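Keep in mind that the numbers below use all heavy atoms, side chains included, and drop hydrogens, waters and symmetry copies. Just so we're on the same page: letters track the sequence lines, and every chain starts at 1.
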Amino acid sequence: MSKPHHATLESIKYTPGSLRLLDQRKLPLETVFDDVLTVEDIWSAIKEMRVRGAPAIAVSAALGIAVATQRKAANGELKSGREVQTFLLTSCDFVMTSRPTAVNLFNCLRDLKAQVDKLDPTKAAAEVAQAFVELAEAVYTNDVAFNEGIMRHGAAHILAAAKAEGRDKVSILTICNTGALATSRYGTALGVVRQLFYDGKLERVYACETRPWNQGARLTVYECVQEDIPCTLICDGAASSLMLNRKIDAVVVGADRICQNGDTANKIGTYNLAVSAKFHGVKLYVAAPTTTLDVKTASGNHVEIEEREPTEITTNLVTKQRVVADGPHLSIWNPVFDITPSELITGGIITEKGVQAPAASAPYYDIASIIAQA
Amino acid sequence: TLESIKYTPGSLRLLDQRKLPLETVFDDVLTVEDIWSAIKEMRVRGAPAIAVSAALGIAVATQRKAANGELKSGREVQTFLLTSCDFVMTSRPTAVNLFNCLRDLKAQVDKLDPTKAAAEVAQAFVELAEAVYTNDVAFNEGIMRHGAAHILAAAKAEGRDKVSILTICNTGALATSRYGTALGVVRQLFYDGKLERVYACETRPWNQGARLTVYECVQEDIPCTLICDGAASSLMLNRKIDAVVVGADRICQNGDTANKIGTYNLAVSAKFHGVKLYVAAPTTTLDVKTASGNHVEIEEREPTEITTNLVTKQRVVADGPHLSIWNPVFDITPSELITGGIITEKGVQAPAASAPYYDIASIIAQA
């Protein structure tokens with residue numbers, strides 16, 4: 001019903017009865033939207049990474065199932081109140097099979113499943129479908145609200161630390177894409193960057209390329225260009241040299257799964273960034289909504305790390321040429337996430353609840369408490 | 001075979017290392033302008049290969065000009081040789097090999113007889129240029145033996161029979177005359193049946209690792225695993241890596257090492273994970289004239305290396321007035337982070353307890 005202030009592109013285009021997803025693989029050269037009509041469409045979109053970013057995955061999954069179930073209710077494939085309920089639970093389990101590392105998808109759909117059980121199966125199929133639609137629409141609006149909070153908490157905290165020192169403007173180093181493309185609206189870590197920019201307090205955001213999928217070079221740069229946000233693109237390996245030679249106020253990254261102790265699963269390279277950040281005395285912040293927090297996982301070693309097709313590294317995602325030689329004694333290691341241990345999150349964890357600073361020593365973070373906050 | 005430098009008396013051909021692994025193209029070097037451009041465009045690259053091809057390139061071009069009467073006298077050849085060494089040195093600044101080699105060649109040209117025939121003065125330089133090729137071969141033969149012996153012994157102390165090596169960029173036969181430096185060590189470990197795996201960083205933006213190092217390992221059946229640069233920290237935590245073995249472009253008096261961008265990042269992580277780091281380079285990569293890393297000129301290159309698909313010349317990054325690209329192609333690894341040692345043809349020099357960890361002048365003066 002409302003356009004975002006600050007530039008659409010939004011990766012998720014929703015209107016009652018219709019879901020369209022921006023193909024984030026084709027940016028920045030091409031702007032393509034694909035219709036999501038079935039549960040199979042949304043599963044594929046997540047798996048192929050047409051839609052990506054932890055929150056965007058969860059929100060589009062809820063909306064995708066809602067539009068598809070509403071469709072099946074209208075045409076005749078469904079059926080009955082009970083079997084709409086049955087289809088919704090079955091669709092939630094199936095969509096959850098797409099990508100394992102980011103918890104947002106699991107937190108959202110499991111919470112939706114519990115609410116689906118609470119629904120009345122006696123209702124006239126379409127009534128049960130519309131009830132789920134409203135629940136799915138709620139997770140979109142909630143994420144918008146979560147990001148509005150993150151931006152404020154993040155920018156104010158970083159600016160207070162800046163003015164405690166002798167600095168009026170901040171330089172931020174980031175990785176991957178955590179803007180409007182990775183979320184419903186504004187973003188998380190890039191949301192903080194946006195707020196600092198609007199206040200006239202951002203000197204520069206430094207963006208890591210983020211191999212092999214290039215979320216930084218392709219998506220983050222794109223977002224900064226559309227809004228005239230001062231941005232500098234670097235190669236992932238140049239991060240250490242950057243922090244030594246130039247003053248970086250904070251490393252602000254996103255998250256896919258934050259464990260109970262604080263251990264953060266995020267895009268591959270984030271751990272590398274955290275190790276270097278500690279070496280150079282640059283405080284590291286993790287920005288994520290509380291739906292990215294995971295009480296069910298105790299520590300980082302219990303997180304399933306997604307590995308993807310070796311063609312992401314060996315082939316051009318554009319010219320389709322195999323840019324790497326092939327042989328029987330060659331292997332490709334392609335994990336698309338790593339773990340940043342809570343020890344290396346020196347700045348704090350930024351949610352919509354506020355900014356949670358680490359403890360002096362062991363269990364640096366209590367994630368259950370952050371979720372329990374008002 | 002898979003050599004980047006193809007030399008035979010009167011002819012120099014250079015493999016276009018930009019086009020590998022998809023294409024194998026050799027270009028004739030006929031003029032001093034050809035060799036300057038080859039280095040600048042990075043058709044030939046890698047510190048030692050740059051210096052060797054520069055000497056051979058000047059030698060071939062001059063011999064050709066002395067043959068067809070383009071250079072009439074012996075002093076005309078002498079003047080051309082001295083000025084050509086200065087001109088080629090203007091190509092790429094960071095790697096010292098080019099400068100050490102050509103400055104050493106200039107002093108030898110100065111003591112040549114200018115009254116002699118044009119062909120006679122040119123042939124004298126040819127033999128000097130041929131010498132720098134053979135010397136580099138000999139340097140690398142030493143490096144691979146010293147490095148492999150030290151690393152294997154270090155692993156045997158921890159109770160391991162085979163080693164896992166993590167590297168960056170390309171330091172094999174493509175980057176040198178023969179065998180290589182850091183990948184030379186990897187080769188020697190592989191031949192002895194003592195290498196479990198070499199892990200190769202992609203090495204953005206030019207992709208020396210993904211394109212050249214992988215290629216070399218494939219041609220020789222060397223067990224290899226390609227990773228993205230950012231995955232290096234996760235690799236070292238999750239898997240046992242015995243040593244990080246890297247090359248060099250300029251090694252300062254105190255030990256500070258200029259090497260391909262990302263090497264410093266690798267060194268920082270190596271210290272965090274307790275993985276000893278080795279720098280493998282010939283003594284012609286050592287630099288007494290530079291005291292420390294802050295006095296090294298770091299080459300920055302065209303932003304299209306990052307923003308465009310590498311020939312095809314198509315942009316893959318959005319463009320705007322408030323976007324800039326930071327493209328340094330080297331960084332400094334301080335001597336503190338070289339925990340394993342510096343591997344030369346002289347041997348493996350371990351770091352001192354404190355202070356300046358290395359004495360480069362002492363290494364050069366060894367037998």
Side-chain angles (χ1 to χ4, degrees), chain A residues 27-29 175 206 208-212 214 217-218 221-222 224-226 228-242 244 267-276 278-280 310 313-314 316 318-319 321-335 338-339, chain B residues 20-22 168 197 199 201-205 207 210-211 214-215 217-219 221-235 237 260-269 271-273 306-307 309-310 312 314-328 331-332:
Chain A
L27 265 56
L29 285 314
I175 196 172
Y206 291 91
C208 290
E209 174 168 33
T210 316
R211 290 288 295 151
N214 295 12
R218 285 172 42 246
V221 173
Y222 179 78
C224 296
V225 172
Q226 299 295 81
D228 297 286
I229 300 164
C231 176
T232 295
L233 176 63
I234 62 157
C235 291
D236 303 316
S240 282
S241 192
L242 181 66
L244 184 75
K267 195 73 196 184
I268 191 76
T270 307
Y271 177 48
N272 197 39
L273 214 56
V275 167
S276 188
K278 187 194 165 58
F279 187 87
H280 296 280
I313 295 166
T314 61
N316 207 240
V318 182
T319 62
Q321 294 175 319
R322 193 194 155 87
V323 283
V324 177
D326 196 26
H329 302 94
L330 171 77
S331 73
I332 310 299
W333 193 53
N334 193 26
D338 53 35
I339 277 88
Chain B
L20 288 173
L22 284 314
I168 191 174
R197 197 156 288 273
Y199 292 87
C201 292
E202 178 170 49
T203 323
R204 283 287 288 154
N207 293 352
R211 292 171 42 250
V214 165
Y215 181 77
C217 290
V218 166
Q219 297 296 76
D221 300 302
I222 302 163
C224 175
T225 297
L226 179 62
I227 63 159
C228 293
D229 302 320
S233 280
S234 184
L235 180 68
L237 181 74
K260 194 74 195 184
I261 188 74
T263 303
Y264 175 58
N265 195 11
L266 226 56
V268 164
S269 187
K271 187 193 173 63
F272 184 84
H273 294 280
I306 305 175
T307 56
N309 197 136
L310 232 209
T312 300
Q314 187 185 18
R315 276 194 74 96
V316 285
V317 182
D319 200 16
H322 307 103
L323 171 74
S324 66
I325 310 299
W326 194 54
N327 189 35
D331 57 28
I332 300 296

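For B:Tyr215, the parts lying under 4.5 angstrom from a heavy atom of chain A are both the backbone and the side chain. Looking at A:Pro328, only its side chain comes within 4.5 Å of chain B, counting heavy atoms on both sides. Contact of B:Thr312 with chain A is made through the side chain alone, with heavy-atom distances under 4.5 Å. Only the side chain of A:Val225 comes within contact range of chain B, with heavy atoms under 4.5 Å apart. Contact annotation for A:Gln226: neither backbone nor side-chain heavy atoms come within less than 4.5 Å of a heavy atom of chain B.
Smallest separation of non-hydrogen atoms from B:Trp326 and A:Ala238: CZ3-O, 3.6 Å. The minimum heavy-atom distance between B:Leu22 and A:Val323, with the atom names listed, is CD2-CA, 3.8 Å. Listed here is the closest heavy atom pair of B:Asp331 and A:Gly237: OD2-O, 4.5 Å. Minimum heavy-atom separation, A:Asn272 to B:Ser233: OD1-OG, 2.6 Å. For A:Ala217 against B:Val317, the heavy-atom pair with the smallest separation is O-CG1, 3.4 Å.
In this structure, the side chains of A:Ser331 and B:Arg197 come closer than 4.5 Å at one or more pairs of heavy atoms.
In terms of heavy-atom pairs under 4.5 angstrom with chain B, the leader among A:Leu273, A:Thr314, A:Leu242 is A:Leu242. If you tally non-hydrogen atom pairs under 4.5 Å between each of A:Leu244, A:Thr270, A:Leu27, A:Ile175 and chain B, the highest count goes to A:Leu244. Annotation: maximal heavy-atom pairing with chain A below 4.5 Å, among B:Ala318, B:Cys224, B:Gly262, B:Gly320, occurs at B:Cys224. Ranked by heavy-atom pairs shorter than 4.5 Å toward chain B, the options A:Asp236, A:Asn316, A:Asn214 are led by A:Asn316.
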*asked:* As a quick check of understanding, evaluate side chain to side chain contact (heavy atoms under 4.5 Å, CB included) for A:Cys224 and B:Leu323, giving each step before the final call.
replied: CA-CA 8 Å; A:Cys224 296; B:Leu323 171 74; over 6 Å; no

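Here CZ of A:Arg211 is found 11.5 Å from OG1 of B:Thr203. Values are rounded to the nearest 0.5 Å.
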